[PDB]
Amino acid sequence: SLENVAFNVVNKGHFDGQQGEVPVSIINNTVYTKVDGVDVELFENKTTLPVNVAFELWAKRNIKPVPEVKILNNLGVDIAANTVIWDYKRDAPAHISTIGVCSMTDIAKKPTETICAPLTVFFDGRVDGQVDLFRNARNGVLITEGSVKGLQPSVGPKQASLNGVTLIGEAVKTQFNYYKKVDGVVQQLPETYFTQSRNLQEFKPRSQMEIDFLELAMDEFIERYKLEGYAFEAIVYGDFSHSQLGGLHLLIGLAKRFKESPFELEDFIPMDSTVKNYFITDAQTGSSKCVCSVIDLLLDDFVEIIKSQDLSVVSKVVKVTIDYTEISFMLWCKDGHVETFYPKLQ
Amino acid sequence: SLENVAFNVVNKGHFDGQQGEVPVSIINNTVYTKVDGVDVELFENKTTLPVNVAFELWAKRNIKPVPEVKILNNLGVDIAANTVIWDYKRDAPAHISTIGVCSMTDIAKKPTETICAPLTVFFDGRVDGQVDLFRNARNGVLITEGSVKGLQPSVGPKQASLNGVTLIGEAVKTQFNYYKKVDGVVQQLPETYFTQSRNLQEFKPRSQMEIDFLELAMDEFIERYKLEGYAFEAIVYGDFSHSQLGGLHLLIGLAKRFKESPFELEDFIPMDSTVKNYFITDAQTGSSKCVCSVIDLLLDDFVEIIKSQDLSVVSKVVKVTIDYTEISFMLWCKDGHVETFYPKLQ
Amino acid sequence: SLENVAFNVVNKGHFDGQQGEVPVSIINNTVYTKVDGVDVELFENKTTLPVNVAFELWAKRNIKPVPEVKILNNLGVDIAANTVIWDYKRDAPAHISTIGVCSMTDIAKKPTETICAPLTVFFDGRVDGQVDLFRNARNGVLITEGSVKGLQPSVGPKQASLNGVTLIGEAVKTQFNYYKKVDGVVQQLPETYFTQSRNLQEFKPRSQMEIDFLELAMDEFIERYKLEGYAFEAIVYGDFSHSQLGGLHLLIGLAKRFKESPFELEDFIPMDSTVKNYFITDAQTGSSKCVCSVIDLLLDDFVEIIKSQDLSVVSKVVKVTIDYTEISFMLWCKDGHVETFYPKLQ
Amino acid sequence: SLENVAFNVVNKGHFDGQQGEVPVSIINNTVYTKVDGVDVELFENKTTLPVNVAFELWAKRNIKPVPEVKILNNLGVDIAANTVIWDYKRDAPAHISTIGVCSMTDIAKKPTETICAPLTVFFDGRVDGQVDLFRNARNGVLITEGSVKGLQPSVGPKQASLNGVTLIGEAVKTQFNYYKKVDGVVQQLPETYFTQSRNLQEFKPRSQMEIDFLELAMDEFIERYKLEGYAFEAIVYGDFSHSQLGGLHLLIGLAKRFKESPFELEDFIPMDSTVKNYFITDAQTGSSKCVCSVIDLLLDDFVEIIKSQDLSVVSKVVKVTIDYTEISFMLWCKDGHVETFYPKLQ
Amino acid sequence: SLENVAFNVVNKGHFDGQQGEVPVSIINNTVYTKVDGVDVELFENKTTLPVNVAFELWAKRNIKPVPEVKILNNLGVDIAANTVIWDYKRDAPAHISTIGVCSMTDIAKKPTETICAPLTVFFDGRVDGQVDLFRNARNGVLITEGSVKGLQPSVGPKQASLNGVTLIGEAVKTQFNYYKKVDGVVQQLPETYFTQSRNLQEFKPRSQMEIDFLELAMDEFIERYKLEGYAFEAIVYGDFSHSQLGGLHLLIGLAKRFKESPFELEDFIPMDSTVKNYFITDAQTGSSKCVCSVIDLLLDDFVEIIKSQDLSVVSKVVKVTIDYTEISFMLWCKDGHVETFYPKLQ
């Protein structure tokens with residue numbers, strides 16, 4: 001019930017299944033509740049769904065640490081089992097349909113129904129009975145905080161999403177084991193690098209090499225870590241000398257530049273992806289690139305990736321498994337050294 | 001509950017207090033329900049209220065014969081006791097607030113609370129206990145289908161409103177006895193004429209004089225009923241010879257003209273009133289008046305009113321009690337005969 | 001393209017696949033085009049879809065005679081193959097998804113894809129290759145204007161829908177042969193009666209018994225056709241003597257009453273169904289029923305149905321196959337004669 | 001002022017320049033006023049303009065007989081001098097800009113400013129000083145009810161538009177003399193036929209030939225008026241024997257067909273033009289044409305036009321001056337008789 | 001007038017009663033004005049009121065230092081006398097109705113009318129004649145910057161709200177004397193603590209103990225101020241070791257934590273109250289509580305409150321008068337020391 005959902009929201013901050021109702025008014029894609037005679041905004045609908053439907057899905061969103069939406073997208077997750085994964089990047093539910101959550105968006109009450117068999121259902125082992133549900137599911141992705149009998153685990157990212165806050169858990173567990181079934185057969189998830197899901201204005205180094213990159217100058221870091229011939233001056237640090245911005249394809253380089261000269265990042269596709277494209281405008285020099293592909297990889301991981309390449313090729317597409325998906329990089333080299341390395345197709 | 005209100009609407013045509021819910025989507029000031037996977041419109045909000053609030057008030061509207069909104073307005077009714085009077089002219093609730101109906105519009109649960117004491121509460125004797133509630137109310141209007149002990153009744157209009165259909169009841173009782181209390185004192189409602197609440201395109205004569213007016217020509221009807229010197233040719237039949245339309249202040253004359261030449265009536269204040277103002281454009285001659293005051297009185301009643309006037313005055317304002325309210329008419333006369341008679345202030 | 005769709009609409013009345021564009025402005029769920037410098041409304045979105053999506057689906061609607069939406073719903077049709085069935089009752093597409101029509105609503109380009117296998121796809125034999133597509137479809141409904149090799153046909157209703165106009169075709173063929181496949185197996189469609197899809201204000205008799213019903217009085221028609229003991233006075237003609245309206249469950253009886261006394265029909269679920277529920281208010285007597293189940297059966301067909309019943313039962317649920325679906329009727333009888341016969345569950 | 005405009009609307013039906021204000025609430029592209037504590041709708045914005053701007057322009061619309069919008073469009077009128085021409089077909093102002101009417105839409109206060117020199121300003125001689133303004137205007141169209149010194153008049157249509165009602169005036173003058181200036185030079189308006197601006201459901205014959213067409217059968221009318229060899233059976237009466245509707249390009253033929261069999265006319269470009277295109281669906285036969293060009297010419301005028309053609313040509317484009325604009329007709333003939341005659345380019 | 005209100009807004013920043021008008025366009029719940037031919041946004045309606053009504057109320061808001069909305073709510077203020085109190089937390093007027101401000105929201109022109117007698121009217125002594133109006137008011141709250149003859153004052157908070165900025169005035173007076181009348185009798189306002197209305201990201205200590213709390217560690221501050229046995233480690237500093245966040249019920253503790261580790265505060269009821277509830281998510285540890293009751297009391301005041309309690313009780317509800325209202329705290333103790341102290345009912 002709309003009024004019951006609003007009662008739960010005003011009294012517990014989210015839907016907890018408590019009984020009770022409050023007066024609700026809907027207007028301008030917004031849900032208001034009346035507190036002491038004055039209307040108070042509870043929810044502004046930013047989705048393509050009806051306002052009441054979006055309000056109910058947002059109230060019933062998972063408030064426990066959940067995998068980032070990019071991870072679920074790369075795993076082909078189409079729907080979640082008896083929960084709502086809220087996409088905080090889009091301010092919308094991460095999946096079109098639900099299973100036993102909202103009457104307007106449900107396609108089934110339980111993930112065992114025939115409509116969910118072709119779909120890759122997301123299962124959370126922390127909920128009782130979902131491991132068995134995944135065991136009997138034709139297609140599904142399972143996350144657990146521990147081991148599963150007879151199933152080889154895939155270690156996921158250290159970080160997870162908690163109410164829209166991406167963090168590495170200390171008081172809560174955010175590292176999950178990932179399991180995937182396709183057509184009833186348990187798959188072996190590929191060995192992968194993971195993006196760190198960091199922010200430009202709140203960048204924090206997670207390794208010694210990243211610390212050195214942030215504090216040391218360009219030449220000192222390049223010489224210290226034996227990174228001559230890999231075009232780190234352009235790929236990571238970025239070139240701001242021409243009207244068209246060069247390189248700057250790692251979030252750590254953008255953060256280092258932002259520390260000295262705050263610039264502009266236009267996120268013209270505001271969603272959660274392994275590779276993010278930005279319309280970057282440098283506020284100090286005026287160098288700008290309309291499509292700048294940025295990936296937030298650990299600098300140690302990116303150094304390993306670039307050093308594992310074969311430099312004796314002019315043009316070559318590099319396939320790297322990042323966040324359980326294959327990211328294709330363009331590798332331009334000359335005279336046995338790198339001239340360019342960015343995610344292709346920007 | 002919104003969903004429960006919609007369940008009642010889809011299963012019973014209105015709110016009947018039945019338990020159950022249906023999937024509901026709200027968009028574009030419209031309430032949709034999902035029937036077999038496709039959204040079906042249940043209600044389009046034409047009010048100034050929030051869409052869900054208006055939907056709930058419309059579902060809980062009185063489906064029994066109720067007094068016309070103009071009658072309640074003339075009696076000073078500000079609010080109804082535990083019911084919603086729906087104004088079908090405005091497609092909106094007839095009163096801003098409610099008593100024990102909708103959480104968003106309620107000012108009280110029962111009419112006995114202190115907030116309802118200054119307000120003139122509408123009481124329906126057909127509902128059990130409302131006669132006693134009116135007896136203890138400081139201000140109120142009571143309607144009954146029978147007598148009330150110790151209270152002198154006022155006979156109201158023969159017709160009432162049934163789901164937006166104004167009719168004189170045959171299988172149901174539409175004539176009510178009216179009682180009014182002001183500051184705890186029972187008032188004597190004035191003797192009044194009543195408008196017939198008829199429509200232009202569905203006009204039906206309710207008296208022999210009206211039949212004669214509709215069939216007989218102007219001169220024959222005027223001579224037959226001894227109506228010489230009262231300007232019936234202009235006041236009732238209307239003058240379509242000049243660019244500015246003359247007279248035509250009785251609905252029966254407009255209906256007679258519409259039978260021969262269908263014309264235009266712009267209702268620029270679409271509400272329920274004893275006197276209606278129209279922007280009339282005659283489609284045959286081009287005569288038009290931007291403000292034409294029309295009252296739907298019984299022709300026999302209007303003849304009595306015009307013949308009860310004193311013709312030996314040049315200009316005089318005539319006060320007639322119509323629908324429990326005082327309607328002021330302008331009476332222009334010359335040489336002991338009427339030149340004009342219309343509701344004043346148009 | 002939105003602009004190309006609008007170009008086709010302004011130049012051909014619907015989408016015909018012609019190249020060209022016109023200036024388009026979208027506002028207030030409405031599509032406007034500019035003709036000679038002034039904006040002209042092309043489409044008002046009454047659906048739950050985005051305005052541009054609904055505009056494109058409406059432009060690409062089938063303009064050939066198509067089965068009524070109620071027939072497709074009773075056959076379990078979930079989606080149409082490479083066409084849009086427009087539901088003119090709801091002013092919306094009859095199906096949520098499309099196959100190769102609109103990028104925003106498509107789930108597949110051709111009905112042969114895996115996503116369409118569980119769905120009952122609607123196939124039109126008048127389109128080249130759709131008979132073969134239906135032959136290879138797991139679930140589907142096929143309509144043809146002629147015979148299909150090896151497939152036993154089911155004769156459908158005489159009438160079809162042509163641009164929202166239900167008619168029995170003379171210059172065009174509106175009677176179709178119906179074929180159904182469930183899980184790859186051709187089904188035998190049950191022998192059924194068909195509703196006539198007539199309107200109250202435009203009722204036309206399609207049989208001699210209907211003509212007699214319309215012209216003859218109650219007693220004369222009942223005695224002429226040997227209809228004593230089947231409660232035709234209540235079930236068909238209707239009882240307007242009490243406050244609660246009695247019977248009136250056939251559209252022909254409502255039309256006969258409307259001819260003498262125009263009344264009110266509130267269609268509180270405005271969709272296309274075999275059985276329609278109305279909030280009926282009789283304008284002459286005041287008799288009203290909030291839920292009146294009305295079915296537009298041929299009077300000869302209804303007489304056969306009521307005479308095929310076993311009168312020696314007090315209460316019995318009658319299952320009649322109407323419009324390829326099972327309609328359940330309540331049959332109350334006493335002393336070997338009918339007291340009541342209406343669609344159950346109103 | 002918005003509130004002053006609403007005061008004028010509620011007290012006079014339109015803007016009359018009276019002082020005073022009323023409480024106004026704007027919501028959902030609708031202007032509401034509060035009468036006795038309840039909001040009453042004054043105006044629903046159907047234009048592309050802001051709701052308050054459209055409300056002000058609608059209140060200040062010309063309430064005197066004005067030329068039909070199609071006539072002003074054919075004369076190239078871009079703007080009106082100190083008045084608003086309301087297009088009742090579109091429920092919008094006929095011109096984008098105004099001169100001294102509304103602050104949001106004004107481009108000038110008087111038509112003498114430099115911005116109005118390239119524009120063809122509409123002048124009304126019935127307003128004092130507008131004849132002199134037109135005399136000094138570079139581009140303009142003048143209408144008068146009488147003669148103008150030194151200017152040769154062009155006799156316009158007998159009918160005009162009065163508050164959205166097209167009529168031939170009896171108590172008011174609706175026939176105007178038309179004058180046009182282009183680049184400061186008085187033009188000679190071409191001799192033209194005029195459309196009658198009649199409606200399908202309210203068709204009234206304006207000539208003896210039209211009366212005969214309506215009452216007499218096809219063969220009798222064709223033989224009586226010597227109309228053999230001009231394909232009147234198809235062009236005017238229409239062919240309903242095939243799936244594609246044939247002919248029916250005169251409003252009188254559509255009205256004659258509508259008298260016997262009411263059909264469907266989808267006006268997919270709802271504006272005012274000399275030639276109207278309809279998506280016609282015949283409800284009796286099923287014959288339908290998505291683009292049917294219909295012109296409402298006097299039948300005597302159309303007979304003269306078709307008889308003034310040279311029948312000894314296979315294909316020929318006929319240019320007819322109708323409503324001060326050149327309408328191009330396609331004329332297909334064989335063996336010295338007409339096979340087809342419709343407005344070209346439908 | 002809407003246009004006059006907009007003129008005042010564009011020329012003075014708010015309504016000052018100046019004459020003049022500017023072109024105004026209303027669309028999408030937004031008021032635009034035209035400056036040099038381009039529309040400029042003046043106001044975005046975030047209220048439940050009509051856009052023009054909300055715009056007028058916002059323009060006429062009090063721009064002088066006014067009591068915080070929480071204070072007026074705790075005093076039972078229902079309406080303000082001839083002024084608008086704008087609630088900047090909700091971006092809406094603090095009261096539903098007005099007295100002599102806006103025609104659409106006024107219930108009276110002066111606070112002396114009968115409709116305002118049951119309501120607690122807010123009076124501002126800084127406006128001439130409002131002290132006398134409060135003297136004759138049945139129910140009211142009066143604020144003055146000085147003494148009132150014969151009335152015992154209540155010293156209010158040091159801070160007030162100035163155009164949405166809460167500050168302790170230096171060039172202006174923000175400390176008011178408060179007076180309350182209920183049913184015509186002057187009340188004695190209870191002795192109370194006052195919240196400091198500080199922000200998390202702009203926290204500034206207002207006492208020496210607060211400075212020590214911010215700079216000193218947990219153990220040093222607890223030992224210095226003799227705060228052993230009152231569970232300051234949990235109640236104020238907060239526990240971030242478990243998945244469920246513990247304590248953290250004082251804004252100073254949240255600010256201290258935010259200084260070291262910026263976290264998330266979801267204000268799911270965005271209004272002004274003495275006790276605020278937040279959905280807190282700690283970005284460093286992952287500890288989160290969906291309902292965290294936070295009160296911004298002076299740390300010296302909270303120490304006095306917690307030390308004035310009787311520790312020899314297991315469970316006890318503590319009633320503290322804060323901001324002229326009774327705040328109920330839960331006090332759990334064991335072995336003569338505090339285990340928990342938070343506002344109850346979160």
Side-chain angles (χ1 to χ4, degrees), chain C residues 6-16 18 22-44 55 58-59 61 63-66 86 88 126 145 158-175 198-199 201-202 204, chain D residues 28-30 44-51 69-70 72-74 76-79 85 87 89-97 239-246 261-273 277-292 345-346:
Chain C
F7 167 94
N8 281 273
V9 161
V10 307
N11 290 293
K12 299 204 125 32
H14 78 294
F15 193 75
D16 203 48
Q18 309 292 329
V22 296
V24 175
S25 63
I26 290 158
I27 192 184
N28 317 118
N29 240 352
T30 302
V31 183
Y32 297 85
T33 198
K34 199 155 99 203
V35 192
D36 322 325
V38 297
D39 281 310
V40 178
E41 189 222 284
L42 290 187
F43 173 78
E44 181 187 2
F55 174 61
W58 170 76
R61 76 197 175 279
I63 62 167
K64 297 195 297 158
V66 288
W86 192 259
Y88 288 80
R126 304 170 297 184
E145 277 169 351
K158 306 200 178 0
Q159 76 277 6
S161 175
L162 178 59
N163 310 308
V165 182
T166 296
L167 53 94
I168 300 180
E170 288 159 55
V172 79
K173 187 156 183 53
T174 60
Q175 194 151 42
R198 296 177 274 197
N199 294 305
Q201 303 122 348
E202 333 167 30
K204 315 224 69 57
Chain D
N28 317 118
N29 240 352
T30 303
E44 181 187 2
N45 181 21
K46 268 93 163 212
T47 85
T48 58
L49 296 172
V51 47
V69 176
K70 57 181 177 185
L72 303 179
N73 293 339
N74 294 339
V77 170
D78 305 318
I79 198 166
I85 308 300
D87 192 340
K89 298 291 164 52
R90 301 181 303 114
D91 318 281
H95 309 112
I96 290 75
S97 303
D239 186 38
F240 305 86
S241 80
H242 313 275
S243 68
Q244 215 51 24
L245 202 146
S261 295
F263 60 81
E264 289 254 335
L265 277 198
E266 156 152 322
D267 189 7
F268 54 95
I269 316 169
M271 56 192 288
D272 205 20
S273 41
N277 289 335
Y278 299 104
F279 194 146
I280 179 158
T281 300
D282 190 55
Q284 219 272 297
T285 66
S287 295
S288 34
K289 183 170 22 171
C290 320
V291 184
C292 192
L345 98 113
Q346 281 202 142

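Per chain, numbering begins at 1; letters A, B, ... match sequence-line order. Basis for what follows: all heavy atoms, side chains included, without hydrogens, waters or symmetry-related copies.
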What heavy-atom pair brings [X] and [Y] nearest, and what distance separates the two atoms?
X	Y	value
D:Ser288	C:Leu162	OG-CD2, 3.8 Å
C:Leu42	D:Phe268	CD2-O, 3.5 Å
D:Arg90	C:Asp39	NH1-O, 3.0 Å
C:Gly13	D:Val291	N-CG2, 4.1 Å
C:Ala171	D:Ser241	CB-O, 3.3 Å
C:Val38	D:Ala94	CG1-O, 3.5 Å

**Study point:** Worked check of side-chain contact (heavy atoms from CB on, under 4.5 Å) between D:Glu266 and C:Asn163
**Key:** CA-CA 10 Å; D:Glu266 156 152 322; C:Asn163 310 308; over 6 Å; no

Check your understanding: So do C:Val172 and D:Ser287 actually touch side chain to side chain, heavy atoms under 4.5 Å?
Key ->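 No, too far: nothing below the 4.5 Å cut-off.
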
Practice item. Find the one option among C:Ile27, C:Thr30, C:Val35 whose heavy-atom pairs under 4.5 Å with chain D are most numerous. Key: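 Looking at each option in turn, the highest pair count goes to C:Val35.
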
Check your understanding: Picking from C:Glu202, C:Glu44, C:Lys12, which has the most non-hydrogen pairs under 4.5 angstrom with chain D?
Key ->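 Highest number of heavy-atom pairs under 4.5 Å: C:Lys12.
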
Which answer fits [X], side chain, backbone, both or neither, if we ask what part of it has an atom under 4.5 Å from a heavy atom of chain C?
X	result
D:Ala92	neither
D:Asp282	backbone
D:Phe240	backbone
D:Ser273	neither
D:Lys89	neither

Point to revise | Part of C:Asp16 within contact of chain D (heavy atom distance under 4.5 Å) | key: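 For C:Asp16, no heavy atom lies under 4.5 Å from chain D.
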
Check your understanding: Contact part of C:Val10 toward chain D, heavy-atom cut-off under 4.5 Å: side chain, backbone, both or neither?
Key ->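 Both backbone and side chain.
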
Point to revise | Top contributor to chain C contacts, counting heavy-atom pairs under 4.5 Å, from D:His95, D:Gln346, D:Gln244, D:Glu264 | key: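 Highest number of pairs under 4.5 Å: D:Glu264.
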
**Study point:** Options D:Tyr278, D:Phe263, D:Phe279, ranked by heavy-atom pairs under 4.5 Å with chain C, top entry
**Key:**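 When all of D:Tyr278, D:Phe263, D:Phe279 are compared, D:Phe279 has the most.
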
Check your understanding: Got a second to check how far C:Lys34's NZ is from D:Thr48's OG1, nearest 0.5 Å?
Key ->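 Here the rounded value is 9.5 Å.
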
Check your understanding: Roughly how far apart are C:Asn28 CG and D:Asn45 CG, rounded to 0.5 Å?
Key ->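 Those atoms lie 7.0 Å apart.
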
Check your understanding: If you draw a 6.0 Å radius around NZ in C:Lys173, do more than 12 non-hydrogen atoms from other residues or ligands fall strictly inside?
Key ->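 Atom NZ in C:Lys173 is packed in, count exceeds 12.
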
